[PDB]
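Protein chains in written order, with UniProt numbering: chain A, 52 to 208, 267 to 723; chain B, 440 to 549.
Each residue gets a CB set at the ideal place from its N, CA and C atoms; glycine is no exception.
Data block below; observations after.
Structural data, given as structure tokens:
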């Protein structure tokens, strides 16, 4: 029922009881859950909600969580039944639990844990304790095609049956249609085909309480379960992956975006794991290692997904990987997995336990529903604000600086209606002056400055005029490393211009000032992950609530305003504040470029000279 | 060693043994191969707590602190000990004494 104001009239379906203050939860019949942080039982309520409910928004006071079938399956896999969950919900809900949600929970939980998929002898078997369900699912035409059949076309005969590897991902989606999702259960201790590996945990590795909780939730009843864990950048996600690999003790596969990710993972493994270097191999296009005796293999998705003809040695390595059975597989940056080529890598690679790690999961193409079965349900997601309070990460000071558009640019901005319009607002002389003043202020404050600009031309022009190093497409790796080392070590240079390649193509050195000038066009998750990766915790300013500085230069009255508003929605859902700054104090006293309007006319001439080709 | 003390037990009227480090009361009769008449430990009663024994098995970086010869050569343990000593000097009064496990380990740590 909907009121005239648009509010959903849930009063009738929610019988309120007199235990208002003690119970902190509101359970609307639509599936949403509201929690008050100031309640004394917030910690218990937070722990209960995280286990069973997927959070939507976590601002300072009231948090909103959502109930999903995948979340219910994850809760069942943890070991919680319907009765205890219902009891805890009723003990915490201010109003009575609607029967619609109750029936929703009853239907999902009963159907969970019925169908099991086993990978043995490089063969996939579907088996269950209820042959009636198996017999019923045989009638499905999609399941008939996915089921492996004999060389003569005859179908193969807790009875299990072989399933085609190429149709595994198809079967995963069909399970949703049949309402019988598969079970990602692995024999953590009962495994015998794959021997253990001489790899342990160094004493220098310390697991933070949330990391330990996430690992223990993943290891349901002592058995590793496939899933996805979301952690903020810089929170030792690589350390968590190394710890999980050491715990598994089986064959380990790790996939990164580029060779830099492979090198970072190898360094972390050497830093925390006890596996010998001879058992660590890099299947990269430049630095190659023999796959013989490769206990842990680190590679990239595109290397395994190279549809074009590969090198002869790479073909041999791929054959060995296909022949080899992998107890554990590790995937980094899950948000790029929904791509079809990278999804095909999952079919190509035969692995028992698959764990995915990333910082964000809100794809702009919303291709995450299928991702819930490509790997599994989201195992854990840490609260950014809570970790900021714990001091594990820097408490970032975020600000959006509005740079007025010059009237000459503004008229041309309105005149242009095609994609060439990006250059006009990305090259605002007023924005240039604001960026120059910010750089001067932070250099006088002795701060590390990273200027991110997606547009190659704008980034190059800004870096050249400001006389700072610039990083763009080619960026020869030797020169890139030299620039990174100069930024890390040389105090004279503390301002680095980085193009779009700064997201995942290489490692971002720890800094404190990050200024974003150019936008992708609405990448609400990509730039958020970039911001998380750029800024890390800095000692000395732990007591202050503003130890990391992020500024977003946005052109007023332009489409960049809408892009920024759409993008910052994800960070606002995390409780991150954003202050709008229209006037910058100190620009009047400081001397900046383009002080005269004729200089801005020259910049306009230069920008117009850069046609739509750039 | 009990032989060296064997005649003393069998010749003199009584032998008085006392020490401040006598945590096990039964090993010494076994060590000296005799049966003392009285084996009593006097508990210390203090109106003011004059001792604050503390155990620090974790360093600043949460490194597991150990003195096993496998971990004696660890640089992390040495650095944690150095940081602890620096903080103790900056905090605790002038009197500071640090007892190591062996001379070579102490020299390497220094």
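Taking every protein chain shown into account, the CB of residue 514/B has fewer than 16 other CB atoms within 10 angstroms, so this residue is exposed. Residue 77/A is bridged by DSSP to 85/A. Look at the beta carbons and you see the region 454 to 470 of chain A touching the region 421 to 437 of chain A: at least three pairs across the two are nearer than 8 Å. Against chain B, the beta carbon of residue 312/A has neighbours under 7 Å at 502 and 503, listed in chain order. For the region 307 to 341 of chain A, the residues whose beta carbon sits under 7 Å from a beta carbon of chain B are, in order, 312, 313 and 315.
Straight-line measurement puts the Cα of residue 426/A at about 6 Å from the Cα of residue 400/A. At a C-beta separation below 8 Å, residue 529/B has no neighbours in chain A, since its nearest C-beta there lies roughly 17 Å away. Each of 523/B, 535/B and 471/B was checked against the Cα of residue 442/B, and the nearest Cα belongs to 471/B.
With its beta carbon less than 8 Å from one in chain A, residue 515/B belongs to the interface.
Less than 8 Å divides the Cβ of residue 291/A from the Cβ of residue 284/A. Rounded to whole angstroms, the separation of the alpha carbons of residue 359/A and residue 605/A is 42 Å.
When DSSP reads this structure, residue 187/A sits in no beta bridge, so it has no partner. Listed in chain order, the non-local C-beta contacts of residue 543/A below 8 Å within the same chain comprise 510, 512, 662, 693 and 696, local neighbours out to five positions each way being set aside. Nearest to residue 489/A by C-alpha distance, out of 384/A, 394/A and 327/A, is 327/A. Looking at the backbone, the Cα of residue 308/A and that of residue 469/A are separated by about 30 Å. Across the structure, residue 655/A and residue 558/A are spaced so that their CA atoms are roughly 16 Å apart. The beta carbon of residue 544/B lies closer than 7 Å to those of 511 in the same chain, with the five residues before and after it left out. Residue pairing by DSSP puts residue 329/A in a beta bridge opposite 332/A.
Across the set 378/A, 299/A, 481/A and 319/A, the C-alpha of 299/A shows the shortest separation from the C-alpha of residue 171/A.
For residue 611/A and residue 639/A, the gap between their C-alpha atoms comes out near 7 Å. Boundaries of the beta strand (DSSP E) harbouring residue 108/A: 105 to 108, taken from the DSSP string.
For residue 717/A, the enclosing alpha helix (DSSP H) stretches over residues 706 to 718. Between residue 397/A and residue 422/A, the C-beta spacing is below 8 Å. Relative to the Cα of residue 92/A, the nearest Cα in the group 81/A, 104/A, 82/A and 75/A belongs to 75/A. Sixteen is the threshold: when 16 or more other Cβ atoms of the shown chains lie within 10 Å of the Cβ of residue 355/A, as they do, the residue is buried. Following the DSSP letters along the chain, one finds residue 126/A inside the alpha helix (DSSP H) bounded by residues 120 to 129.
Spanning the alpha carbons of residue 504/A and residue 580/A requires a straight line of approximately 27 Å. In the DSSP annotation of this structure, residue 623/A is not part of any alpha helix (DSSP H); the continuous beta strand (DSSP E) holding it starts and ends at 622 to 625. Non-local C-beta neighbours of residue 495/B in its own chain, meaning closer than 8 Å and more than five positions away in sequence, comprise 504 and 523, ordered along the chain. With fewer than 16 other Cβ atoms from the protein chains shown falling within 10 Å of its own Cβ, residue 202/A counts as exposed. With a contact defined as Cβ atoms closer than 8 Å, residue 631/A and residue 473/A qualify at about 7 Å. Taking a contact as a CB-CB distance under 8 Å, the pair residue 88/A and residue 112/A counts as one, their CB atoms being some 6 Å apart. Residue 350/A sits in a helix when the DSSP states are folded into three classes.
Shown here, residue 441/A sits in a strand according to DSSP, grouped into three states. Sequence-distant Cβ neighbours of residue 173/A in its own chain, meaning closer than 7 Å and more than five residues away, are 434 and 459.
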